[PDB]
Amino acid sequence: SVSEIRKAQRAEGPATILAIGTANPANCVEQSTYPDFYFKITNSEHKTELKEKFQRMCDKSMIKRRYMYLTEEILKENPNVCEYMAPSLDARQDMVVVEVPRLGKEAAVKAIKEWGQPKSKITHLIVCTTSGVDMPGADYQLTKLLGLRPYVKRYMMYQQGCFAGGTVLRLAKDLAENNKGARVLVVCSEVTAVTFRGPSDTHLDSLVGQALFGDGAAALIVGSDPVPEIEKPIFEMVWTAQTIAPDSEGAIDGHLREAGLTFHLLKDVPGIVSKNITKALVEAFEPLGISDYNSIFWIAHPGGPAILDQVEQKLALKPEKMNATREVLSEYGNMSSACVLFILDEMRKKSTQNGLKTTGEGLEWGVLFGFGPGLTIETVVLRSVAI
C-alpha cells in the first residue's frame, strides 16, 4: 500500500532551473571612491596607514561597484554601526528583517513572471540569508508578501554563509525530484547592514569583508518534469556534493553578536580552495568520464578575486572560463549566497544574447561551486539547455 503511494508521489526527471530573477537595493556605491567615503563615515580619517591598506584592498578587489541598502543618512543615524565593535544588533536586525524579504520579493516576482505560471503552483519555498534572523522567519514574510498558498512547504535557511547558493540548489534538487508536480521557489537575499562596521588596525581580516561584501537577491523556480513548451528549462541539476577541506579549521568564522555579524579570516582561503578544488572536480566529473576542465562551463563563488585567480592558475583554466563569475564580481561584489545565482543568470543571458548553442556558453556540462565557512565547498554538476 505504501509502495503504490510512493510510486505515485515522486517526480521522474532531473530537477531543472526554469526561471531566474534578481534584484539589488537601489543605492549604487562606486568602489574607486569607497575608501574615502568609508574612512570618513566611520570617523577614521586619522588611521592613515589603515586607510592606505584599505585603498589597496579596494583597488585590487576587481569590484567596480556594489549595491547597498545602507546609506550615508542611515549610517549617520546609527553611529554604533559605524564603530568597529559597538552594541548595534537590534538596529541592524530591524533593518534586515524587513529588507531581506523586501528584496527577495523583488527578485521572486521577476522569476515568477518569467516562469509564467500561477503562483498557486509553487509548492515549496526555500529562503536563504546570512543576514539577520527572526521568528516567524523571512520565509513566512515572503509567503505573505507574494501571496503564496499558506500550505507552501517552507525551508528557512539562516546564517549559512557564502557557500549556500550551492546549498539551496542541493536542497531544491531533492524537493523537486522526489515530489511529482513540485515547483520550488528558491530565494537567496543578502544585506550587508549586519556586517558593516568601522575599521580597526588589529583586525585587517575584518577589513577585507568591508571591501568585498555587497547586497542583492536572486530567485529561481526549480522543478522536475517541465511541461513541454509551457515551461522552459535553463539548466538541469545532475549531481551535488558538500565537503569540508582538510586543515582548514577556523579559516573563516562569523559570530552573530551584540555588535552585529563579525567576520574573521584566520587562514589562506584562496590557497585552501585552490588545493582542494581538483579533488572536488574528480569526485564530480570522473564518473562522467571528463577530465578536461576547460570543456565544461564554470560558475564559482567569487569570495574575493584571489580565489578565482588561484583556481584558474592551479587548473590552467583559460582566462575566459571565469568571465561570467568575474562580471558579477565586478558589478555587484560578493553577495554571499546570492552570488552564484546571479552568475547563472549572467551566463544564460549572455549565451542567449550571443546566439550560442546552449545556455552554458555553448558547452554541455558545467560545474557550480560555493565556498564559505567550514572551510566548506559545495559542488553542483549542471547540464545546459539547447538554445
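Residue indices: 1-based, along the sequence shown.
The PDB entry reports B-factors from which the mean C-alpha value can be compared for 226-234 and 80-88; the larger average falls on 226-234. As listed in the deposited structure, the average C-alpha B-factor of 115-123 and of 170-178 is greater for 115-123. Taking only the listed residues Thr325, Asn43, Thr359, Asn334, the entry reports the highest CA temperature factor at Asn43. Taking only the listed residues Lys314, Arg154, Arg197, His301, the entry reports the highest CA temperature factor at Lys314. Sorting the modelled residues of the chain by their CA temperature factor places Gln242 in the lowest third. The deposited CA B-factor of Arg183 belongs to the lowest third of values across its chain.
In this PDB entry, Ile5 carries a Cα temperature factor that places it within the highest third of its chain's modelled residues. Ranked by Cα temperature factor within the chain, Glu258 sits in the lowest third according to the deposited record. Ranked by Cα temperature factor within the chain, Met57 sits in the highest third according to the deposited record.
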